[PDB]
Trainee: 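Structure in structure tokens, see below.
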Amino acid sequence: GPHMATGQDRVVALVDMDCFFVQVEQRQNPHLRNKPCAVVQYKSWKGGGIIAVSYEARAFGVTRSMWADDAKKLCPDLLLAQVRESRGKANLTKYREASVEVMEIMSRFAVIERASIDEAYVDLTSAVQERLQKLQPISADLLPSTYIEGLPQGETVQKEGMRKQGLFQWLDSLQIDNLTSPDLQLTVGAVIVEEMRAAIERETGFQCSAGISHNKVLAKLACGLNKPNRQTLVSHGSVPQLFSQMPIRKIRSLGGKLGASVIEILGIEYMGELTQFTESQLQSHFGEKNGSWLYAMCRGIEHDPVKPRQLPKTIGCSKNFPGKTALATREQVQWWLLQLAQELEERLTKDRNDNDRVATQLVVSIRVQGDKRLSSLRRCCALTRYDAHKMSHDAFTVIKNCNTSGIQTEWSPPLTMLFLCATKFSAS
DNA sequence: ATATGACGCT
DNA sequence: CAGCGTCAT
Ligand SMILES: Nc1ncnc2c1ncn2[C@H]1C[C@H](O)[C@@H](COP(=O)(O)NP(=O)(O)OP(=O)(O)O)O1
Ligand SMILES: [Mg+2]
Ligand SMILES: [Mg+2]
């Protein structure tokens with residue numbers, strides 16, 4: 001007990017934008033605000049594929065991975081915004097630039113780790129220490145949008161009434177005399193996150209949600225508990241009851257094959273049930289690293305650091321050529337490699353100017369018709385010049401021998417995907 | 001017919 | 001300037 005680590009050393013937050021692509025389009029087009037709206041890419045096939053949905057539209061059952069024509073059946077008044085198309089492909093520049101707006105604001109408060117186009121982890125341990133040294137009870141007024149997971153226990157017919165009662169129980173209990181209380185550190189962390197989220201909304205117009213806990217996995221989980229436009233504090237103490245009915249697939253990194261194996265091999269359904277197994281038992285089934293990770297995680301402990309990185313490590317461009325449209329001619333493959341290369345060149349040139357770095361490697365990936373893998377083959381070559389013509393020519397050079405066609409003009413088996421990625425950045 | 005990113009394994 | 005698999009938004 002006296003020597004058992006509790007994973008309460010850090011204060012970490014995960015901030016995730018609410019229906020991000022939609023909010024970007026709603027800021028731009030006021031007509032879309034406060035309406036059932038979705039963002040779609042490529043209109044010709046079934047109205048386009050939905051990639052983002054406003055909360056108003058979710059109420060009708062509209063989801064991502066849904067064709068717009070089908071979404072309209074569920075929600076006839078659904079409004080749509082289209083992703084920009086350039087050179088025959090979706091262009092996500094608007095969303096990347098909006099992402100930068102948000103990341104730069106977050107970086108003012110603390111070290112952050114860009115985790116996706118719309119979320120970042122924040123290591124608030126130091127900021128909390130400074131704020132505690134600076135502060136004195138914490139008023140509920142400092143936590144206007146915060147939920148305390150697990151509370152209240154023991155006006156509650158409405159959600160805001162429930163939120164306040166839980167917050168009151170939490171604050172009434174808080175021991176502010178001790179600067180080392182983990183619960184107190186989380187609370188101060190939540191105050192700072194309120195301030196961060198206020199700054200994001202004020203300076204960008206975008207709303208977001210956040211999770212505050214002692215590690216990245218719990219912070220991420222916490223974030224989704226009360227979306228949209230709210231933040232949730234998950235304390236170490238809230239873990240046993242939270243994990244008691246938490247499907248294993250809900251924890252980050254367990255949503256795939258590993259997660260399925262955990263369920264199948266151990267015959268369990270919830271994250272908390274993992275506590276019954278010894279570390280060695282878990283390592284035997286899932287490997288040394290996964291086993292140790294699972295053993296600590298089911299107890300609410302994780303040590304993965306918030307990495308000091310707010311810029312992407314790679315810059316890539318990709319396009320699918322489904323079914324009948326699979327590229328079947330050499331000239332066809334070269335023309336598309338050129339479109340991808342030109343987009344990549346623009347993005348790389350801007351990156352070099354903004355971030356004082358240059359990519360030194362080019363990775364080319366493709367999918368062959370009949371293969372359900374994300375990638376069928378991957379090859380690389382030196383990226384010595386930011387020249388689209390050289391990059392597309394080099395990319396063809398490295399994959400051209402995959403062509404099994406006896407005939408020079410033709411390409412077989414036809415390609416269902418092209419991917420160009422710039423990597424191995426070096427200071428410039 | 002359904003654009004990206006990180007990172008682990010070998 | 002290795003190539004493939006997994007998990008993610
Ligand atoms: N599978 C995918 N394909 C393409 N784009 C994707 C996508 N998943 C997400 N996006 C893009 C579009 C998304 O807007 C953006 C953020 O991803 P989230 O955070 O997962 N989802 P959102 O922010 O929309 O809603 P909220 O968080 O409130 O639930 O990334
Ligand atoms: Mg989001
Ligand atoms: Mg997200």
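Excluded from the calculations below are hydrogen atoms, water molecules and symmetry mates; all remaining heavy atoms, backbone and side chain alike, are included. All chains are named by letter (A, B, ...) in the order of the sequence lines, taking the proteins before the strands, and each is independently numbered beginning at 1.
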Trainee: Restricting both atoms to N or O, compile the protein contacts to nucleotides 8-10 of chain B shorter than 3.5 Å, with distance only.
Mentor:
from   : atom 1 : to        : atom 2 : distance (Å)
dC9(B) : OP1    : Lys289(A) : NZ     : 2.7

Trainee: Would you give me the side-chain donor-acceptor pairs under 3.5 Å for residues 306-313 of chain A, sequence neighbours excluded?
Mentor:
from      : atom 1 : to        : atom 2 : distance (Å)
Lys307(A) : NZ     : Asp304(A) : OD1    : 3.0
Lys307(A) : NZ     : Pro305(A) : O      : 3.2
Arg309(A) : NH1    : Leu311(A) : O      : 3.1
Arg309(A) : NH2    : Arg114(A) : O      : 3.0
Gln310(A) : OE1    : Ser107(A) : OG     : 2.6
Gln310(A) : NE2    : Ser107(A) : OG     : 3.1

Trainee: Please confirm whether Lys159(A) makes a cation-pi placement over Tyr147(A), using NZ or CZ under 6.0 Å from the six-membered ring centre and within 45° of the ring normal.
Mentor: yes
Trainee: Give, ordered by number, those residues of residues 418-428 of chain A having at least one heavy-atom distance below 4.0 Å to an atom of DNA chain C; if nothing qualifies, reply none.
Mentor: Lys424(A)
Trainee: Applying salt bridge (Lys or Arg N to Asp or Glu O under 4.0 Å), which residue pairs with at least one partner in residues 390-406 of chain A are found, sequence neighbours left out?
Mentor: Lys390(A)-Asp394(A)
Trainee: So what does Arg249(A) touch, heavy atoms closer than 4.0 Å: a base, only the sugar-phosphate, or nothing?
Mentor: nothing
Trainee: Please list all pairs meeting side chain to side chain donor-acceptor pair (under 3.5 Å) that have one or both residues in residues 184-209 of chain A, counting only residues at least two apart or in different chains.
Mentor: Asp18(A)-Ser209(A), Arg108(A)-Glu203(A), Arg131(A)-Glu195(A), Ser145(A)-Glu194(A), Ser145(A)-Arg197(A), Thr146(A)-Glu194(A), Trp170(A)-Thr187(A), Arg197(A)-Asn229(A), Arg197(A)-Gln231(A), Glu201(A)-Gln207(A)
Trainee: Students often get this wrong, so: under 4.0 angstrom with heavy atoms, is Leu377(A) touching a base, only sugar-phosphate, or nothing?
Mentor: sugar-phosphate
Trainee: Using chain A heavy atoms and a threshold of under 4.0 Å, write down where along DNA chain C the contacts begin and end, 5' to 3'.
Mentor: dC1(C) to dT9(C)
Trainee: Mind checking ring-ring contact (aromatic ring centres under 6.0 Å, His included) for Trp336(A) and listing every partner two or more places apart, or none if nothing turns up?
Mentor: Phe321(A)
Trainee: For DNA chain C, find the residues of residues 209-232 of chain A with a heavy-atom distance under 4.0 Å and give them by number; none if there aren't any.
Mentor: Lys220(A)
Trainee: Once you apply a heavy-atom cut-off of 4.0 Å, does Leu92(A) come out as touching a base, just sugar-phosphate, or nothing?
Mentor: sugar-phosphate
Trainee: Applying salt bridge (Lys or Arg N to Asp or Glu O under 4.0 Å), which residue pairs with at least one partner in residues 117-127 of chain A are found, sequence neighbours left out?
Mentor: none
Trainee: Can you list everything that forms a salt bridge (charged side-chain N to carboxylate O under 4.0 Å, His left out) with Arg299(A)? Sequence neighbours excluded, please.
Mentor: none
Trainee: So, does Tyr95(A) get its side chain near the phosphate of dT4(B), meaning an N or O under 4.0 Å from OP1 or OP2?
Mentor: no
Trainee: What pairs with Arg87(A) under salt bridge (charged side-chain N to carboxylate O under 4.0 Å, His left out), at least two apart in sequence or on another chain?
Mentor: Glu346(A)
Trainee: Could you list by number each residue of residues 343-361 of chain A showing a heavy-atom separation from DNA chain C of less than 4.0 Å, or answer none if no residue does?
Mentor: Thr360(A), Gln361(A)
